[PDB]
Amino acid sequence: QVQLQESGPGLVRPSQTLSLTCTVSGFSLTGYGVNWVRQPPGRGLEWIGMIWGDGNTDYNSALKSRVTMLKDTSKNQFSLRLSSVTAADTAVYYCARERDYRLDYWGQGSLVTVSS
C-alpha cells in the first residue's frame, strides 16, 4: 500500500530541539515531496514546509528561522527538526505526501508537548 508515519519524542523540554521521523514506504523518495504540517491543539492546521526528493526544501517564514528538514534516502524516512522549542510549539505533527498539488497521504501525526 502507501503510507507515512510520524514517530518520535512525545515530550520535549523547552529551549531544546524537537525532532521527528516520517517513515514513508509505498512510493519513491525522489519523485515525491513530503510536506510537513502541524496544528497546535484547538488551533487549526499550519504549513511548516516541505522537502523534495532532492533534499531541497521550502520553509514557512515563521519557522525558517529554526525548522530543518532532512531525508534519509537509505531508509524511507524524512526528518523534521524544530529548535529552541517553547510551549508555543506543543502540537500534533503530520508528514504527508504531496502528489500533484494535493497531499494525498498523511500520517496520523504524533503529538509533541514541550514543557519543563
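The first residue of the shown sequence is 1; numbering continues from there.
Asks: Report the stretch with the higher mean CA temperature factor, choosing between 78-86 and 60-68 on the basis of the entry.
Replies: Averaging CA B-factors over each stretch, the winner is 78-86.
Asks: Please compare 18-26 with 5-13 and name the stretch with the higher mean C-alpha B-factor in the deposited structure.
Replies: Comparing 18-26 with 5-13, the higher mean C-alpha B-factor belongs to 5-13.
Asks: Among the choices 49, 40, 31, 55, identify the one whose CA B-factor in the record is greatest.
Replies: Largest recorded C-alpha B-factor: 31.
Asks: Looking at the C-alpha B-factor of residue 98, is it in the lowest, middle or highest third of its chain?
Replies: For residue 98, the deposited C-alpha B-factor lands in the middle third.
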